[PDB]
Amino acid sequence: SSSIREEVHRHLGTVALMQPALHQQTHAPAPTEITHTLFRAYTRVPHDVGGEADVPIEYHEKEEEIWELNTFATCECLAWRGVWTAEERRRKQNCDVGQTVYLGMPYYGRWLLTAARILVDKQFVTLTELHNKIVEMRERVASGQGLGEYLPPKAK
(Lines of atoms letter the chains of each structure in order from A and count residues from 1; the text may use other names and numbers.)
(Lines give C-alpha, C1' and ligand atoms only; values in the text may rest on other atoms or scores of the structure.)
Protein backbone atom coordinates (compact mmCIF):
# COMPACT_ATOMS: atom_id res chain seq x y z
CA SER A 1 0.00 0.00 0.00
CA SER A 2 0.98 3.65 -0.39
CA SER A 3 1.20 4.03 3.40
CA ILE A 4 3.51 1.02 3.73
CA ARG A 5 5.67 2.17 0.81
CA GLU A 6 5.79 5.62 2.41
CA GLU A 7 7.13 4.16 5.65
CA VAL A 8 9.63 2.02 3.71
CA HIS A 9 11.11 5.06 1.97
CA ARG A 10 11.09 7.07 5.19
CA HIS A 11 13.03 4.18 6.76
CA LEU A 12 15.64 4.02 3.98
CA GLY A 13 16.24 7.73 4.45
CA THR A 14 16.32 7.57 8.25
CA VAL A 15 18.93 4.80 8.59
CA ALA A 16 21.33 7.05 6.68
CA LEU A 17 21.41 9.19 9.83
CA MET A 18 22.82 6.19 11.72
CA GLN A 19 25.61 5.37 9.24
CA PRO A 20 28.63 4.57 11.48
CA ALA A 21 31.63 6.86 11.27
CA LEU A 22 34.80 7.91 13.03
CA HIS A 23 33.69 11.42 14.03
CA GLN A 24 36.66 13.59 15.00
CA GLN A 25 35.57 16.98 16.34
CA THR A 26 38.07 19.74 15.57
CA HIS A 27 38.71 22.30 18.29
CA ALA A 28 41.32 24.74 16.94
CA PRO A 29 44.11 22.15 16.53
CA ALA A 30 47.78 23.19 16.71
CA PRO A 31 49.67 23.80 13.42
CA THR A 32 51.45 20.48 13.99
CA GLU A 33 48.12 18.72 13.43
CA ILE A 34 47.57 20.32 10.03
CA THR A 35 48.98 18.31 7.13
CA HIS A 36 49.36 19.81 3.66
CA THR A 37 46.38 17.73 2.54
CA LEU A 38 44.27 19.23 5.32
CA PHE A 39 45.60 22.74 4.66
CA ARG A 40 44.49 22.51 1.03
CA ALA A 41 41.12 21.08 2.08
CA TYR A 42 40.50 23.85 4.63
CA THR A 43 41.63 26.72 2.40
CA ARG A 44 39.65 25.32 -0.55
CA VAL A 45 37.22 27.57 -2.43
CA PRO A 46 33.81 26.17 -1.28
CA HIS A 47 32.05 26.41 -4.67
CA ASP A 48 34.51 24.03 -6.38
CA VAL A 49 32.63 20.74 -5.93
CA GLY A 50 32.96 19.12 -9.35
CA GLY A 51 34.05 15.49 -9.07
CA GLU A 52 33.11 15.00 -5.43
CA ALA A 53 31.33 11.71 -4.75
CA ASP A 54 27.62 12.04 -3.99
CA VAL A 55 24.53 9.80 -4.06
CA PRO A 56 21.61 9.64 -6.49
CA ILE A 57 18.64 11.77 -5.42
CA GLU A 58 15.24 12.15 -7.02
CA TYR A 59 15.71 15.61 -8.51
CA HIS A 60 12.81 17.97 -7.95
CA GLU A 61 11.58 21.34 -9.14
CA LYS A 62 10.84 24.02 -6.54
CA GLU A 63 8.35 26.88 -6.74
CA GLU A 64 9.91 30.34 -6.53
CA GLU A 65 9.35 32.22 -3.26
CA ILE A 66 8.36 35.87 -3.64
CA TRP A 67 11.41 36.83 -1.59
CA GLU A 68 13.70 34.82 -3.90
CA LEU A 69 12.46 36.70 -6.97
CA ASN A 70 12.96 40.01 -5.16
CA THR A 71 16.44 38.93 -4.01
CA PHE A 72 17.50 38.01 -7.54
CA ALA A 73 16.26 41.37 -8.84
CA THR A 74 18.08 43.23 -6.04
CA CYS A 75 21.36 41.47 -6.80
CA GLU A 76 21.17 42.21 -10.53
CA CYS A 77 20.07 45.81 -9.87
CA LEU A 78 23.02 46.37 -7.53
CA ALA A 79 25.33 45.13 -10.30
CA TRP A 80 23.46 47.06 -12.98
CA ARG A 81 24.07 50.23 -10.99
CA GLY A 82 27.75 49.56 -10.25
CA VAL A 83 27.72 48.49 -6.59
CA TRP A 84 29.54 45.34 -7.75
CA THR A 85 30.14 43.11 -10.75
CA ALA A 86 28.65 39.60 -10.89
CA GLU A 87 32.10 38.12 -10.32
CA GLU A 88 32.47 40.08 -7.10
CA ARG A 89 29.08 38.70 -6.05
CA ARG A 90 30.03 35.10 -6.84
CA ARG A 91 33.26 35.33 -4.85
CA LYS A 92 31.49 36.77 -1.78
CA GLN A 93 28.37 34.63 -2.17
CA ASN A 94 29.72 31.20 -3.13
CA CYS A 95 33.13 31.30 -1.50
CA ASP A 96 33.52 33.91 1.25
CA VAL A 97 30.50 32.53 3.13
CA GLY A 98 32.57 29.52 4.17
CA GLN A 99 31.94 25.77 4.03
CA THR A 100 29.26 25.51 6.74
CA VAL A 101 26.97 28.27 5.47
CA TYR A 102 27.73 27.31 1.86
CA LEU A 103 25.98 23.95 2.25
CA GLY A 104 23.87 24.45 5.38
CA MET A 105 21.81 27.39 4.11
CA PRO A 106 19.56 27.70 1.01
CA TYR A 107 20.79 28.80 -2.41
CA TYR A 108 18.91 32.12 -2.39
CA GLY A 109 19.60 32.55 1.32
CA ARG A 110 23.25 33.05 0.41
CA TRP A 111 22.32 35.44 -2.39
CA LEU A 112 20.34 37.57 0.05
CA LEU A 113 22.87 37.51 2.88
CA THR A 114 25.56 38.50 0.40
CA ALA A 115 23.47 41.39 -0.96
CA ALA A 116 23.27 42.70 2.61
CA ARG A 117 27.00 42.03 2.91
CA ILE A 118 28.09 44.16 -0.07
CA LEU A 119 26.11 47.13 1.30
CA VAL A 120 28.11 46.93 4.53
CA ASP A 121 31.53 45.96 3.16
CA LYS A 122 31.57 48.87 0.70
CA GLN A 123 30.15 51.13 3.41
CA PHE A 124 26.96 52.15 1.59
CA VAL A 125 25.24 51.37 4.90
CA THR A 126 26.76 50.95 8.36
CA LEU A 127 26.20 47.60 10.06
CA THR A 128 24.26 49.67 12.60
CA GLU A 129 21.83 50.82 9.91
CA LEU A 130 21.31 47.20 8.84
CA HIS A 131 20.76 45.91 12.39
CA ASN A 132 18.41 48.85 13.06
CA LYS A 133 16.44 48.19 9.86
CA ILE A 134 15.98 44.51 10.74
CA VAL A 135 14.68 45.45 14.20
CA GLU A 136 12.24 47.97 12.74
CA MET A 137 11.07 45.49 10.10
CA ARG A 138 10.35 42.86 12.76
CA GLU A 139 8.34 45.41 14.72
CA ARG A 140 6.36 46.15 11.58
CA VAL A 141 5.35 42.48 11.37
CA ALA A 142 4.75 42.05 15.10
CA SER A 143 2.48 45.12 15.25
CA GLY A 144 0.08 43.96 12.55
CA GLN A 145 1.01 46.78 10.17
CA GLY A 146 1.75 44.14 7.56
CA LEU A 147 4.91 43.56 5.53
CA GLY A 148 4.56 44.62 1.91
CA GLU A 149 3.55 41.73 -0.32
CA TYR A 150 4.58 39.21 2.34
CA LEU A 151 1.84 39.97 4.87
CA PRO A 152 -1.30 42.12 4.64
CA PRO A 153 -2.17 44.64 7.39
CA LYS A 154 -4.65 43.85 10.15
CA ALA A 155 -8.32 44.18 9.22
CA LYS A 156 -11.37 43.90 11.49
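When you see a residue number, it is the position in the sequence shown, counting from 1.
Chemist: Take the C-alpha B-factors listed in the entry for 37-45 and for 86-94, compute each mean, and give the stretch with the larger one.
Modeler: Taking the mean C-alpha B-factor of 37-45 and of 86-94, the larger value falls to 37-45.
Chemist: Could you check which stretch, 108-116 or 59-67, carries the larger mean CA temperature factor in the entry?
Modeler: Going by the record's values, the stretch with the higher mean is 59-67.
Chemist: Using the B-factors in the PDB entry, rank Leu147's C-alpha atom against the chain and give the third, lowest, middle or highest.
Modeler: For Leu147, the deposited C-alpha B-factor lands in the highest third.
Chemist: Using the B-factors in the PDB entry, rank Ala30's C-alpha atom against the chain and give the third, lowest, middle or highest.
Modeler: CA B-factor rank for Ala30: highest third.
Chemist: Going by the CA temperature factor in the PDB record, which third of the chain does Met18 belong to: lowest, middle or highest?
Modeler: Lowest third - that is where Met18 ends up once the chain's C-alpha B-factors are sorted.
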